[PDB]
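Just one chain follows, in the form deposited without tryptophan (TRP), and it is written as structure tokens.
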């Protein structure tokens, strides 16, 4: 797998920040900042050769959208998917929650095209709308997939908050194989990981039997002294002091955590699609 360039991931975050500033300060469902975010991500994917689909749904009286991107080729009967929600709450730009996951998945998709990668399994990436209203977009996607297509899913990897300013490195403890894949990558960097315990888009998939996994760097919970010992940062302070707040801006990102988790996302996607 390629090393994902941190500068490219940060460039997507800068674009999402500008989009929020030009649209009222947020990228929330039913507000113009959300569709403008979908348009930026879709244009990058279309230029890289993906087949993109906009899925529309209505929630709370407003139109929301999921963006699905398929990389042509691979085994149509074994699909590996990775996703991240693209909406923010209305109080701010949602740069760590969840511009961080959205940008990492987008740069991983672009890396597949730049590398000329031809996976054994078919790759599909998704950016979900309305996660902050109760996983509405990912529930819409799973509820609308015919059982024949659901059975072709080999796994779903979720990235929601991966650049927290006072980070922890948490790996989901769902499918054992996906979990091991992420844990082995962090072991190679000598960065310890803990099981995720602190409610995101992998839930609809998990509920119907699709293997799931993912990464998380923490939100409102307080980092303990033992955790500050193994990862640095500040004990006694939240992992993300700007969770769902107006200060979840470009300055609410820890570059090391964002780089590590973006590289881990690419490693898992390359490993599991072989």
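Numbering follows the first chain given and starts at 1.
- Unmodelled stretch separating residue 149 from residue 150: none (count of deposited-sequence residues without coordinates).
- Once the C-alpha B-factors are averaged per stretch, 26-34 and 59-67 rank with 59-67 first.
- Once the C-alpha B-factors are averaged per stretch, 68-76 and 107-115 rank with 68-76 first.
- Between the residues 97, 201, 132, 198, it is 198 that shows the highest Cα B-factor in the PDB record.
- Highest C-alpha temperature factor among 231, 239, 205, 50, as the PDB entry reports it: 231.
- Ranked by C-alpha B-factor against the other modelled residues of its chain, residue 122 falls in the middle third.
- Among the modelled residues of its chain, residue 18 has a C-alpha B-factor that falls in the middle third according to the deposited record.
- For residue 185, the recorded CA B-factor ranks within the highest third of the chain. Only modelled residues enter the ranking.
- Compared with the other modelled residues of the chain, the Cα B-factor recorded for residue 252 ranks in the lowest third.
- When all modelled residues of the chain are sorted by CA temperature factor, residue 226 is found within the highest third.
If you look for the form solved in complex with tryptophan (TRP), you will not find it shown, but the lines that follow are about it.
- Taking the partner from the other structure, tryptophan (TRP) in the deposited bound form has a heavy atom within 4.5 Å of a heavy atom of residue 161.
- Contact annotation: residue 14 falls outside 4.5 Å of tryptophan (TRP) in the deposited bound form, judged by heavy atom distances.
- Contact check for residue 253: a non-hydrogen atom falls within 4.5 Å of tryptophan (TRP) in the deposited bound form.
- Within 4.5 Å of any heavy atom of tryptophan (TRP) in the deposited bound form lies no heavy atom of residue 75.
- The single contact residue among 230, 31, 44, 244, judged by any heavy atom lying within 4.5 Å of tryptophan (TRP) in the deposited bound form, is 244.
- Distance criterion of 4.5 Å from any heavy atom to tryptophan (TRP) in the deposited bound form singles out 172 from the list 141, 182, 71, 172.
- Remark: of stretches 107-115, 121-129, 185-193, 153-161, the one touching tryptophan (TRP) in the deposited bound form is 153-161 (heavy atom within 4.5 Å).
- Looking at 174-192, no residue comes within 4.5 Å of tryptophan (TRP) in the deposited bound form, counting any heavy atom.
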